[PDB]
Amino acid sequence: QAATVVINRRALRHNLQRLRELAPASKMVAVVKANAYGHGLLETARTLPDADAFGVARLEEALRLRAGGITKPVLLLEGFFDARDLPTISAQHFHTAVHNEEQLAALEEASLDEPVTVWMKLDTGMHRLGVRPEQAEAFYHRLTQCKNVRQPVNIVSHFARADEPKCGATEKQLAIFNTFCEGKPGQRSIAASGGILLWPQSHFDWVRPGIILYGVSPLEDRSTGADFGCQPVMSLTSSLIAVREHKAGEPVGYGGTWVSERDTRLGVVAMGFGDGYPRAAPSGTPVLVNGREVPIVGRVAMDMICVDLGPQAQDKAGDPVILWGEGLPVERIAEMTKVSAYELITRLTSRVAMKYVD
């Protein structure tokens, strides 16, 4: 009963449906990269057979989905990293982003038994992956002439600042996208969680929900998944392993970073940065013990967190702890720790047990 991630399948199902309601003329790429944002790659795909496609960061992730029996299209959002992977991508029926000359040249040169669906990736201001506007027309035209590309060619981009509604970058990216796509056949996709929730004019043909599919807000404005009618999917849980007396004036943890002002009782939780809980968490960060809120005291260690229960607290070794979950949104922990909700949910280690419910 130590560090466990409990994944609520009913919440997942709900969220995909709730997102369809917000984007009712758009198909869904369920984004499941990085072990489905910490929720389990294969189990998340298995929970969502109504998704129109799954979205992954890397070919290895797509192959893992196929290995576990997943048959729906998988979009390689970064494309492919070696020309020698094209026969697999063709045979496996993965759709691929194409963002550079190397990938384009490989598609021109290869002999494949079946052509492949492509999403040409346009750099519209993020400046990470993608073909730049001034190179994009010639690039696109070569893609349309490739016998190894199943026509028409689709067009994809991604917003850098969709979470800042009051700033002009999204509208700039959008106008670049729209200028490029004019008169072209091919499906259009630019919106992920932020686009879906705040930019209805960015929905087009396909949207790609990631963090909000897991019932977690993409914004850092205090909002939670529930503010958009999405239900939190993950709870990170554990157990007390000690309840101990502690006297006034006595420090706790490494570096003696917290000192009690009174006599009290401390709880020790079987959870640490070796499980994925941020070492950054300050004293005062909320944890739930038997469902009431108590503060972290002293530094988070690799395997343990101390909490302040109070001097006659009746909590005991064995009792349930919620790091985030029912009553304690991950976005609250994000705000209190200054750690992005994205990183909190995703950057867990393999030590955490995975449990699925409903």
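Don't overthink the numbering: it's just position in the shown sequence, from 1.
query: Going by the B-factors listed in the PDB entry, is the mean over the C-alpha atoms higher for 156-164 or for 192-200?
result: Averaging CA B-factors over each stretch, the winner is 156-164.
task: Read off the CA B-factors in the entry, average them over 222-230 and over 165-173, and name the higher stretch.
output: Of 165-173 and 222-230, the stretch with the higher C-alpha B-factor average is 165-173.
- request: Pick out which of 259, 75, 269, 287 has the highest C-alpha B-factor in the PDB entry.
  value: Reading the PDB entry, the winner on C-alpha B-factor is 259.
message: Highest recorded C-alpha temperature factor, please, choosing from 103, 135, 96, 235.
response: Of the candidates given, the C-alpha B-factor peaks at 135.
field: residue 7, C-alpha B-factor rank within chain (lowest, middle or highest third)
entry: It falls in the bottom third of the chain.
Chain thirds of CA B-factor: placement of residue 214: As the PDB entry reports it, the C-alpha B-factor of residue 214 lands in the lowest third of its chain.
- request: Could you say whether, by C-alpha temperature factor, residue 282 belongs to the lowest, middle or highest third of its chain?
  value: For residue 282, whose C-alpha B-factor we compare with every modelled residue in the chain, the answer is the middle third.
message: Where does the C-alpha B-factor of residue 182 rank in its chain, lowest, middle or highest third?
response: It falls in the top third of the chain.
query: How does residue 49 rank on Cα B-factor within its chain, lowest, middle or highest third?
result: It belongs to the highest third of the chain when residues are ordered by C-alpha B-factor.
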